[PDB]
Amino acid sequence: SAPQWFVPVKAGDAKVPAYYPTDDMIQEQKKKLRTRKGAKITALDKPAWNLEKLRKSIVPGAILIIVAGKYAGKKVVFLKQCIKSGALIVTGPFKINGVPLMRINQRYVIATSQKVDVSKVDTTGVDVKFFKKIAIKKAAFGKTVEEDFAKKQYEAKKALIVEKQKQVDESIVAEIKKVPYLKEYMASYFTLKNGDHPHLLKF
Amino acid sequence: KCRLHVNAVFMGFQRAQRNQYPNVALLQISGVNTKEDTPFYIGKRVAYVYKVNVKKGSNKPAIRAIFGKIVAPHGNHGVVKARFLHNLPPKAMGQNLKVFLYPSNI
Amino acid sequence: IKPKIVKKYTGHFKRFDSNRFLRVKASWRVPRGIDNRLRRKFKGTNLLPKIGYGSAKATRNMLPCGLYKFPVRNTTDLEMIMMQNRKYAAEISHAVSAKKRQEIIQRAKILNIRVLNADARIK
Amino acid sequence: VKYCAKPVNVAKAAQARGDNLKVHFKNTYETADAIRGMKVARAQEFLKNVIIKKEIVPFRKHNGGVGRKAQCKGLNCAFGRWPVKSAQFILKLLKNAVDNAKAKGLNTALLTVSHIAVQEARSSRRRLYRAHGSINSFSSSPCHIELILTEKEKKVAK
RNA sequence: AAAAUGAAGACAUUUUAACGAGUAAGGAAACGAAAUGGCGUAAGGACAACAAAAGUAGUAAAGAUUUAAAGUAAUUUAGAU
RNA sequence: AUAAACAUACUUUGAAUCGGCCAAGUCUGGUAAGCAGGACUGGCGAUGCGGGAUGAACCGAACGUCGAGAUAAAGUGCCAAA
RNA sequence: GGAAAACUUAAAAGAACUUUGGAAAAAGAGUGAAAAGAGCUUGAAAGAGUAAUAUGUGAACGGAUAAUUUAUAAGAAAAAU
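Residues numbered from 1 in each chain as written, not as in the entry; some residues may be left out. Chains lettered and ligands numbered in written order. Part of a larger assembly, values for the part shown. Heavy atoms only, no water.

Under the convention used in this document: UniProt positions are given in the numbering used here, feature names are shortened, and annotations may be inferred rather than shown by experiment.
The PDB entry lists chain D under the name 60S ribosomal protein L17, putative, from Entamoeba histolytica HM-1:IMSS. Under its PDB record, the entry appears with the title "Cryo- EM structure of 75S ribosome with A/P- & P/E- tRNAs from Entamoeba histolytica bound to antibiotic paromomycin". Quoted straight from UniProt, the Sequence similarities (unreviewed entry) entry for chain D says "Belongs to the universal ribosomal protein uL22 family."

Named according to the PDB entry, chain A is Large ribosomal subunit protein eL6 originating from Entamoeba histolytica HM-1:IMSS. Recorded in UniProt under Subunit, the annotation for chain A is "Component of the large ribosomal subunit."

This is the structure:
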């Protein structure tokens, strides 16, 4: 039949050779560009093969200064590591820092010694399903235009799920106020004043 | 708002008496005075954040950068070597860079 | 699929002493003079075309599109690369008129052959 | 011989030119250089004053041996002359180009000299009998002068 | 250089190793595993839509001015005027 | 003892050349020469590069296009990398 | 003793009337497929003029590396069970 190198195409009422199959017996094929298979989705309780090895200075309930990204210089409390990605699930309790519950890579943080401890945080949710549910997606390529208001209406519809998952932060704020000067230390920023050299600072 | 970098001076490129190899740029990080205090900084990101005046009828930003890393010490005075994605312009010699605190290992 | 076409020198090897005089053209001619600043390879002026500059064999004579060049004069030349439309790209010669070009361009669509002169001699 | 530059709009332009005019090129190139841009009402007055030697024509480029003059203050030039035969030849084009505009129906109070260029023509050679039985050349330097007067209106750029 | 494969693929094949500066001077053409590889100008004999109208050209040749691509290089190809 | 198979032995034809110059834990004539003439060897000639600030010969070291590293001569107050 | 000098177009249809000017000429107008306009096929380089862009303390130009500006330039498919 058709050789492996032949892909017939239609002709718009133009001259064709004697050996070329006519248009009445030609069916068009869809151009295929994607070949690599995607990522297999597995159970929510099994860690991925591609899992970062946490530093020994990072333990749950610690206070991590963040030195890069949108929230630079803010201090957050590390709950647990997101298994499906390896990025830390930290929360700079929104009642204090203004830092929401997000994911961040382990190389952007500095682990201080002020361990908030706090067990019984009730992180039954906040798996990878929640984080993918609130991420603001794009408008794709063919979905009309929907310029601007698509992302504005995106955030509004995701507001409720974010607020509901703030039952994580109600308990943590309780023991932040317990230690004196720990609410002020957390609320403010992190700055490198004159005379503090990075190779000399110890946290 | 806050400071999360130490200003390193762009001294120049790794050279000889009558040569110049612009692939590697030397820095004199503020506060570092010996090669024994450099073991910390080997790896930390460095950016050459500069400013370009632009007309209102263009799209390009007015603040750009050239990011790089610190790769090895140099000399016994704490001078380091930095390799950038694009070699720093020789117009930046003597100016100040940024030495960030990530990828952190603390 | 396209291998990275790597170039060991992206400039032109201009003739020595062609930036001062106009009778000396910018086409390379190796200097044979005894005291020449360039044939001795003095520092600062030591640029000569040596076979080490030759580009990779796999990606030699390859256009940036990833396809080699194949010039066609008529519609019947297109059939010579109708089996290799993934390796060769037609390029209609510069003498072919503006009427025979629409025969080649349309036929190259039927056989699905990329043409580098699809906007040449248009009305 | 064709014009160096074509007018932006041919309904607002009047043209005049002279071919192989018998006047020095190094002199007219500097007289046509001063009057480029100024209104045709003022360019006619300036060329009337160079003749009677009350305005200077600064020799900006061909200034070798040209003496200093008192009217060359402010022009960034310390040299200047009063070419009378070169002014009289341009003055007979500005009168030709102005009277071409009246034929079309333009407004003479607005005309400006937008483009005026001087070229190099074909010289005519003579003999100058030198010492030791040698003969040299004695050749003129004629030039082609072009001219385009365009009505001046306030431009718009949104 | 040595092995392997070899009627036509192709990029003057595949694998391994050693090597590459140079004035005077030498290495003509052909030689399948090629006893160096090529570019350019002009002229002559052939080949150039293989189903009985068979290279390009008034739907714009040669030439000139530039712009891009290929080649390390001699140079080639293409777009526009 | 050690090295030697792209080892060894060559054959035919032929081009260029026979104005040379420098160094020295050497010599001769000369008061002496950046002089004249030699014996063994290395170079410049024919040769760039790093160093001696510059230098045909000195010291390191001989070159296809590159990237990363330890180096050689030699240096680390500034010009100038240390 | 002893040179230089070829070419408008298919055809002269080789501008034909007005305005400015002493005349040559210029601007309209017109012929012609196209001014190819008699210096007449296209028309390079040296040398110039006009426009646009950019630069600067006793030479200029070239090469390596970046920065700024301008130009060229890369796609229509699509996940897991």
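1. What to know about the interface of chain C and chain A
Test applied: In what follows, residue pairs with any heavy atoms lying within 4.5 Å of each other are defined as contacts. By definition, the buried area sums, over both parts, the 1.4 Å-probe accessible area that each loses when the two are put together. The term salt bridge refers to a pairing of a side-chain nitrogen on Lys or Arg with a carboxyl oxygen on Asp or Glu at a separation within 4 Å. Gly counts as polar in this scheme, as do all residues outside two lists: the nonpolar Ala, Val, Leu, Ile, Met, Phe, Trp, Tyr, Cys and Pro, and the charged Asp, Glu, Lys and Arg.
Listed as interface residues are 10 residues of chain C and, on the opposing side, 11 residues of chain A. Carbon and sulfur atoms supply 60% of the area that chain C and chain A bury against each other, a total of about 840 Å² over both sides. Here chain C and chain A share zero salt bridges between them. For the side of chain C that touches chain A, the residue count by class is four nonpolar, three polar and three charged.

2. A closer look at the protein's contact with RNA strand F
Quick note on the threshold: Whether a residue is near a molecule or strand is decided by its heavy atoms; if any one of them lies within 4 Å of it, the residue is near. Here a polar contact is recorded for every N or O atom pair within 3.5 Å, except that within protein the pair must consist of a potential hydrogen donor and a potential acceptor, and residues adjacent in sequence are included only if both atoms are side-chain atoms. Put simply, DSSP H or I for four residues or longer makes a helix, DSSP E for two residues or longer makes a strand, and each gets a number counted from the N terminus.
In the region of RNA strand F, 19 residues are neighbours, and B:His74, C:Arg39, C:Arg40, C:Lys41 and C:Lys43 sit closest. At the protein interface, 87% of the atoms of RNA strand F within 4 Å belong to sugar or phosphate. The separation between a phosphate oxygen of RNA strand F and a polar side-chain atom of C:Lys43 is 3.0 Å. Contributing elements (two or more residues each) for the surface near RNA strand F: β1 (8-16) and β2 (19-29) of chain B. Of the residues belonging to the surface near RNA strand F, the class tally is three nonpolar, seven polar and nine charged.

3. Here we look at the interface of chain A and chain B
With 21 residues of chain A in contact, the opposing surface of chain B contributes 17 residues. Summed over both partners, the interface of chain A with chain B buries about 1700 Å², with 65% contributed by carbon and sulfur atoms. Ranking the residues of chain A by area buried against chain B places A:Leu192, A:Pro198 and A:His199 at the top, with a combined share of 34%. Joining chain A to chain B, the criterion identifies zero salt bridges. The tally of links between chain A and chain B comes to seven residue pairs in polar contact. Of the residues contributing to the side of chain A that touches chain B, the split by class is 12 nonpolar, five polar and four charged.

4. A short note on the protein's contact with RNA strand E
All names here are of chain C. Lining the immediate surroundings of RNA strand E are 40 residues, of which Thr76, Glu91, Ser97, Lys99 and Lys100 lie closest. Atoms of RNA strand E within 4 Å of the protein: sugar and phosphate make up 79%, bases the balance. At a separation of 2.9 Å, a phosphate oxygen of RNA strand E approaches a polar side-chain atom of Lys87. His94 places a polar main-chain atom, nitrogen or oxygen, 2.7 Å from a phosphate oxygen of RNA strand E. Looking at which element gives the most residues to the surface near RNA strand E, the answer is strand β2 (residues 88-92), with three residues. Looking at the surface near RNA strand E, its residues break down into 16 nonpolar, 11 polar and 13 charged.

5. Section: the nonpolar core
Applied cut-off: Nonpolar core, defined: a set of buried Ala, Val, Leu, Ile, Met, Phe, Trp, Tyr and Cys residues in which side-chain atoms within 4.5 Å join the residues together. With a 1.4 Å probe rolled over the protein chains alone, any residue whose accessible area is under 20% of its type maximum counts as buried; one over 50% counts as exposed, and the rest are partly exposed.
By size, the foremost hydrophobic cluster in this structure holds 32 residues, and its most contacted members are D:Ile35, D:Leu47, D:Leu94 and D:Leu149. Among all residues touching D:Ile35, those that are not within four sequence positions of it are D:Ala43, D:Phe46, D:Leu47, D:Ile90, D:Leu94, D:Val113 and D:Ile116. A:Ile63, A:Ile134, A:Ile176 and A:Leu182 belong to the second-largest nonpolar core, a separate cluster that totals 21 residues.

6. Digging into the packing of aromatic side chains
The condition is simple: Side-chain rings of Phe, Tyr and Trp, where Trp is taken by its six-membered ring, are said to pair if the distance between their centres is within 6.5 Å; with planes under 30 degrees apart they count as stacked, over 60 as edge-to-face, and otherwise as tilted.
Applying the stated rule across the entire model yields 16 aromatic pairs over all chains. Ring geometry for A:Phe6 against A:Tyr20: centres 6.0 Å apart, planes inclined by 90°, an arrangement best described as edge-to-face. Of this pair, A:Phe6 sits in the segment before β1 (63-66) while A:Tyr20 sits in the segment before β1, and the two are 14 residues apart along the sequence. Residue A:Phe6 is classed as partly exposed on the basis of its relative accessible area of 25%. Residue class for A:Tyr20 comes out buried when judged on its relative accessible area of 4%. Judged by centre distance (4.9 Å) and plane angle (35°), the rings of C:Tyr9 and C:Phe13 are tilted.

7. Brief notes about the sheet that holds strand β3 (residues 88-91) of chain A
All names here are of chain A. The criterion, for reference: Following DSSP output, two strands are said to pair if at least two bridges run between them. Note on definitions: angles span 0 to 180 degrees between N-to-C directions of axes, and those axes are lines fitted to C-alpha atoms, for helices only across the stretch in contact.
Reading across from one edge, β4-β3-β2-β1-β5 is the order of the five strands in this open sheet, with antiparallel pairing throughout. Unpaired on one side and paired on the other, β4 (101-104) and β5 (109-111) mark the two borders of the sheet. Each strand axis lies, on average, 45° off the axis of its neighbour in the sheet, ignoring direction. By the bridge criterion, three bridges tie β1 to β5 in an arrangement that is antiparallel. Note on β5: the bridge partner recorded for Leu64 is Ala111.

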